[PDB]
Amino acid sequence: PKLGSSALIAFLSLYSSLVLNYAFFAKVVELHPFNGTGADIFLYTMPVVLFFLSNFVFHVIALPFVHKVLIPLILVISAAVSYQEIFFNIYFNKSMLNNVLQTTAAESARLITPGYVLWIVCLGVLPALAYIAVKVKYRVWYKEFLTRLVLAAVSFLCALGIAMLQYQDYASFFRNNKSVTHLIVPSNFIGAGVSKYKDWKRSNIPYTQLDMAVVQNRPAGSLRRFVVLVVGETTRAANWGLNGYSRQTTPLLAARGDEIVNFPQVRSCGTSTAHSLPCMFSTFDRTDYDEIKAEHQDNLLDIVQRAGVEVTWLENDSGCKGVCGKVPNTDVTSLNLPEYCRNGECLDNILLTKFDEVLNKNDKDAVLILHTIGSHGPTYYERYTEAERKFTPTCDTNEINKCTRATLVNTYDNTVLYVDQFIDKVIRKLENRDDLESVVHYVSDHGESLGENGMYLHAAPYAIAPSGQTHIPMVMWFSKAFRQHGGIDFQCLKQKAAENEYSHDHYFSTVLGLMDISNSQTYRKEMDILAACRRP
Ligand SMILES: CCCCCCCCCCCCO[C@@H]1O[C@H](CO)[C@@H](O[C@H]2O[C@H](CO)[C@@H](O)[C@H](O)[C@H]2O)[C@H](O)[C@H]1O
Ligand SMILES: CCCCCCCCO[C@@H]1[C@@H](O)[C@H](O)[C@@H](CO)O[C@H]1O
């Protein structure tokens with residue numbers, strides 16, 4: 001092989017800080033543009049700072065002879081991360097690790113493209129091999145030890161000096177742009193990794209149950225009450241026909257006119273599925289939401305099931321993120337019906353094949369959840385059939401960043417056309433059931449980025465997330481028997497829907513109010529969207 005001293009680590013640091021991390025320096029030049037006023041030293045020196053800082057932590061990490069394993073891993077992962085940071089504009093924070101950790105083979109394989117593989121292999125696996133090849137000439141364990149600790153420390157001070165010489169620039173820039181740090185590799189996922197490790201240990205707590213005395217309190221002589229909750233995926237409000245978008249992407253629901261209540265101002269709990277799902281079914285408002293406490297207490301379905309309601313969850317995304325484990329549920333995607341399914345994913349209309357079994361399961365009030373794959377990208381083109389391919393040209397690849405933005409928007413507007421007909425078909429299975437007080441409720445889990453300022457997919461840090469990812473659609477439909485006997489004032493409801501802001505925080509108590517449930521301590525009347533319009 002080749003023989004280096006270290007040295008080997010200055011090269012490693014030259015690479016990591018100067019080759020990868022393009023996304024990081026790209027973001028700061030965007031946030032802090034050149035102009036010539038000599039304040040650009042803040043930009044020029046900045047790679048130098050990161051070099052020194054990388055030299056520092058790599059002297060501490062590159063220990064013999066675990067480093068021959070640990071460094072290639074870091075180089076290979078930095079490549080895998082920097083690629084999507086550079087082209088998709090993602091951040092690698094703790095939540096992004098929860099994505100990676102909660103994913104599936106079908107779901108993540110769609111992310112692979114030849115350029116991605118080529119990137120990883122040329123910027124990750126290769127430098128890894130080059131590194132592993134090098135035989136390192138250690139000095140005497142005392143002479144070697146001293147040489148490491150002095151370099152590691154002068155590096156830090158060199159970085160601290162260069163920054164301290166420019167303290168107000170650093171202080172300003174990073175107090176305003178606190179998340180830009182989740183762009184730096186590898187502090188990135190290491191930081192997220194220990195932060196998740198800390199969460200792992202702090203997770204030994206017991207299981208709290210909530211609302212143990214809940215019961216239904218439906219009047220005597222009441223029709224069965226059947227509620228369907230359609231959980232969307234990735235569909236955003238800005239491309240939703242009912243919300244006034246240039247294209248009627250919801251023509252079937254627009255056609256139903258007034259019987260469909262549309263909410264033009266609703267925001268999500270999170271901007272990823274792993275975050276939004278568990279949160280919206282938990283008691284925690286977005287700003288109180290704790291991942292760990294939520295995982296270890298009863299959620300909405302647990303409580304609603306305790307009250308005697310029949311809860312079924314049919315799944316067609318990558319899983320229910322832990323929300324459905326204690327209620328009857330089905331992985332509909334695994335039926336692999338060639339009419340709907342290819343490559344381990346399915347068109348949402350497959351869910352409708354199992355709908356009637358649930359509807360005729362028994363004769364007590366029910367909550368049925370249809371968890372859909374919706375507008376899930378990057379393979380948006382799989383989210384609809386030819387019948388809904390109304391806007392063209394389309395982006396028929398997972399390489400969504402090489403499509404033109406208009407071509408991508410087209411493809412994504414076709415996914416909504418499929419969302420729209422899915423909801424419509426659910427309503428059709430119910431609207432003629434005169435013996436049934438039925439409600440169909442739809443909301444998405446989060447929106448999506450469609451290439452704006454260079455950002456694709458979703459999962460952005462909420463605090464800096466764009467409207468596209470947080471502003472989501474929501475509609476409600478009520479069957480004829482519900483409108484006769486459900487006690488709701490429908491014109492009141494239309495007005496509230498038009499005038500008020502809502503969010504996922506209204507989900508929990510809205511669903512509980514639809515089941516007429518007594519003795520509930522978790523129910524909050526002021527978070528039930530219909531309470532204000534319920535009579536008497
Ligand atoms: C293990 C140490 C960290 C290195 C792990 C390797 C990561 C390499 C870069 C991957 C980061 C980008 O890849 C990321 O993958 C996950 C799941 O596939 C996607 O996330 C997808 O699944 C998760 C979980 O079901 C959902 O919360 C999310 O809504 C959905 O987008 C991200 O949208 C995508 O951006
Ligand atoms: C090699 C350059 C190091 C720069 C370090 C920047 C500050 C540390 O940034 C960490 C992140 O790395 C970490 O992912 C999250 C986890 O919650 O918390 C931040 O404080």
# chains A, B, ... in the order shown; residues from 1 in each chain; ligands from 1
>>> closest_atom_pairs(of="chain A", to="ligand 1", cutoff="6 Å", atoms="only C-alpha atoms and all ligand atoms", output="Markdown table")
| residue | atom | partner | partner_atom_place_in_ligand_line | distance |
| --- | --- | --- | --- | --- |
| A:77 | CA | ligand 1 | 4 (C) | 5.5 |
| A:80 | CA | ligand 1 | 8 (C) | 4.6 |
| A:81 | CA | ligand 1 | 9 (C) | 4.3 |
| A:99 | CA | ligand 1 | 23 (C) | 3.9 |
| A:100 | CA | ligand 1 | 17 (C) | 4.6 |
| A:102 | CA | ligand 1 | 24 (C) | 4.6 |
| A:103 | CA | ligand 1 | 25 (O) | 4.0 |
| A:107 | CA | ligand 1 | 18 (O) | 5.5 |
| A:108 | CA | ligand 1 | 18 (O) | 3.7 |
| A:189 | CA | ligand 1 | 3 (C) | 5.6 |
| A:272 | CA | ligand 1 | 29 (O) | 3.9 |
| A:273 | CA | ligand 1 | 27 (O) | 3.8 |
| A:274 | CA | ligand 1 | 27 (O) | 3.9 |
| A:318 | CA | ligand 1 | 25 (O) | 5.6 |
>>> residues_near_ligand(ligand="ligand 2", cutoff="6 Å", atoms="only C-alpha atoms and all ligand atoms", output="ChimeraX atom specification")
/A:53-54,93,181-182,187-189,191-192,195
>>> closest_residue(among="A:285, A:211, A:259, A:345", to="residue A:303", atoms="only C-alpha atoms")
A:211
>>> atom_distance(atom1="atom CA of residue A:372", atom2="atom CA of residue A:430")
18.6 Å
>>> residues_around(residues="residue A:256", least_positions_apart="5", cutoff="12 Å", atoms="only C-alpha atoms", output="VMD selection string")
chain A and resid 242 250 to 251 261 to 262 420 to 421 423 to 424 427 to 428 431 476 to 478
>>> write_last_selection(atoms="C-alpha atoms", output="compact mmCIF listing (two decimals), in the first residue's frame")
# COMPACT_ATOMS: atom_id res chain seq x y z
CA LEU A 242 -60.76 23.72 -3.16
CA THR A 250 -59.99 18.31 -6.72
CA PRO A 251 -62.74 18.29 -9.39
CA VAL A 261 -66.37 21.46 4.13
CA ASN A 262 -62.95 22.78 3.20
CA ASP A 420 -59.35 13.61 -4.85
CA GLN A 421 -60.91 10.49 -6.43
CA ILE A 423 -61.81 10.50 -1.07
CA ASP A 424 -64.72 10.63 -3.51
CA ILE A 427 -67.88 8.95 0.21
CA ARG A 428 -69.67 6.88 -2.45
CA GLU A 431 -73.51 8.38 1.04
CA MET A 476 -64.90 16.90 5.99
CA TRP A 477 -68.02 15.27 4.54
CA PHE A 478 -71.19 14.31 6.45
>>> atom_distance(atom1="atom CA of residue A:184", atom2="atom CA of residue A:24")
5.8 Å
>>> decode(residues="stretch 230-242 of chain A", atoms="N, CA and C atoms", output="JSON list (two decimals), in the first residue's frame")
[["chain", "number", "residue", "atom", "x", "y", "z"],
["A", 230, "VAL", "N", -59.18, 9.53, 6.76],
["A", 230, "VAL", "CA", -58.20, 9.34, 5.71],
["A", 230, "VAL", "C", -56.97, 10.14, 6.09],
["A", 231, "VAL", "N", -55.86, 9.45, 6.32],
["A", 231, "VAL", "CA", -54.62, 10.13, 6.62],
["A", 231, "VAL", "C", -53.83, 10.24, 5.33],
["A", 232, "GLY", "N", -53.59, 11.47, 4.90],
["A", 232, "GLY", "CA", -52.89, 11.74, 3.66],
["A", 232, "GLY", "C", -51.40, 11.62, 3.80],
["A", 233, "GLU", "N", -50.69, 11.80, 2.70],
["A", 233, "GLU", "CA", -49.25, 11.80, 2.73],
["A", 233, "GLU", "C", -48.75, 12.84, 1.75],
["A", 234, "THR", "N", -47.95, 13.79, 2.24],
["A", 234, "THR", "CA", -47.19, 14.67, 1.37],
["A", 234, "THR", "C", -48.02, 15.69, 0.57],
["A", 235, "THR", "N", -49.34, 15.56, 0.58],
["A", 235, "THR", "CA", -50.20, 16.51, -0.10],
["A", 235, "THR", "C", -50.25, 17.85, 0.62],
["A", 236, "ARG", "N", -49.98, 18.92, -0.11],
["A", 236, "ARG", "CA", -49.91, 20.24, 0.46],
["A", 236, "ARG", "C", -51.08, 21.11, 0.03],
["A", 237, "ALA", "N", -51.36, 22.15, 0.79],
["A", 237, "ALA", "CA", -52.54, 22.98, 0.56],
["A", 237, "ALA", "C", -52.45, 23.87, -0.67],
["A", 238, "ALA", "N", -51.24, 24.20, -1.10],
["A", 238, "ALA", "CA", -51.04, 25.18, -2.16],
["A", 238, "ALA", "C", -51.42, 24.62, -3.52],
["A", 239, "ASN", "N", -51.58, 23.31, -3.59],
["A", 239, "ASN", "CA", -51.93, 22.63, -4.82],
["A", 239, "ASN", "C", -53.25, 21.91, -4.73],
["A", 240, "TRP", "N", -54.12, 22.45, -3.90],
["A", 240, "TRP", "CA", -55.38, 21.84, -3.56],
["A", 240, "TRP", "C", -56.48, 22.70, -4.17],
["A", 241, "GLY", "N", -57.28, 22.09, -5.03],
["A", 241, "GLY", "CA", -58.25, 22.80, -5.84],
["A", 241, "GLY", "C", -59.22, 23.64, -5.06],
["A", 242, "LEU", "N", -59.80, 23.04, -4.02],
["A", 242, "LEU", "CA", -60.76, 23.72, -3.16],
["A", 242, "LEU", "C", -60.22, 24.99, -2.49]]
